[PDB]
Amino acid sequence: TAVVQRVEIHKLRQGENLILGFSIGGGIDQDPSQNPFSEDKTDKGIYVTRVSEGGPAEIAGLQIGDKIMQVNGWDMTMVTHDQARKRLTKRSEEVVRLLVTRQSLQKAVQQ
């Protein structure tokens, strides 16, 4: 099932840029059947596809496969890929709070 996670990322300056340290796939203009992380292959949402070792996203607890619902409160469930990318990389914002859902499993079914 999907568990809600609220992640708070503090962007890291790397030269000219403030980076988050992850990659995204998805968006309403992309082919959802190509998403290896979604449960529903018609899900055109924004997904975390990679997370950088030691980057802000990793430290904040973001995980590959996470579905991004909100960025600082902008809905990310029905945006284009570029729109998603732009909301995440606003240089004026050094803190980004993400609402995500995470495919999760009841552990220790036996013990």
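Counting begins at 1, following the sequence as shown.
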>> Which is higher on mean Cα B factor in this entry, 33-41 or 79-87?
In response: 33-41
> 68-76 versus 49-57: which one carries the higher mean Cα B factor per the record?
Replying inline: 68-76
>> Among the modelled residues of this chain, does the Cα B factor of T101 put it in the lowest, middle or highest third?
In response: lowest
> How does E94 rank on Cα B-factor within its chain, lowest, middle or highest third?
Replying inline: lowest
> Where does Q111 sit by CA temperature factor within its chain: lowest, middle or highest third?
Replying inline: middle
>> Where does the C-alpha B-factor of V3 rank in its chain, lowest, middle or highest third?
In response: middle
